[PDB]
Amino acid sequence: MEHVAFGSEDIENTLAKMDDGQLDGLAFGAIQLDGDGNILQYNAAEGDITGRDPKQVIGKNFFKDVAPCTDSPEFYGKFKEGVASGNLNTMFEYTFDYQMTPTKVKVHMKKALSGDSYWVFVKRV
């Protein structure tokens, strides 16, 4: 497994050398989003969590199509402000109840090394 801890202070240099294949090795759910909210990478751990099929989520919009739960000032509002400022590093708890049993999760959003690209990390609590 990829021995990287949730909430690490350097996760972005770490998940830079990783391919999608190496991303599944993560002990937590990893989601990469472009600046518009579209999904570029989805990890199986995220899949084990949300039940969504990684292959069928890449290319879609997280806020609009896949996970309407984050369409609130408490998640999306933070993502949009983070994109606008070009710097995001925030952690919080949330509920994912769209087309699924209400599952309590820990969320960590951070700006990736790359210019317009953002990480979403999730792990059950």
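Note that residue numbering begins at 1 and tracks the sequence as displayed.
- Set 51-59 against 87-95 and average the Cα temperature factors; 51-59 ends up higher.
- For the segment pair 27-35 and 70-78, the entry gives 70-78 the higher mean B-factor, averaged over Cα atoms.
- For the set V122, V125, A5, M1, the maximum C-alpha B-factor listed in the entry falls on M1.
- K17: CA B factor in the highest third of modelled residues in this chain (values from the PDB entry).
- Remark: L40 belongs to the lowest third of its chain, ranked by C-alpha B-factor as recorded.
- Residue-level temperature factors show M109 in the lowest third of its chain, judged at the C-alpha atom.
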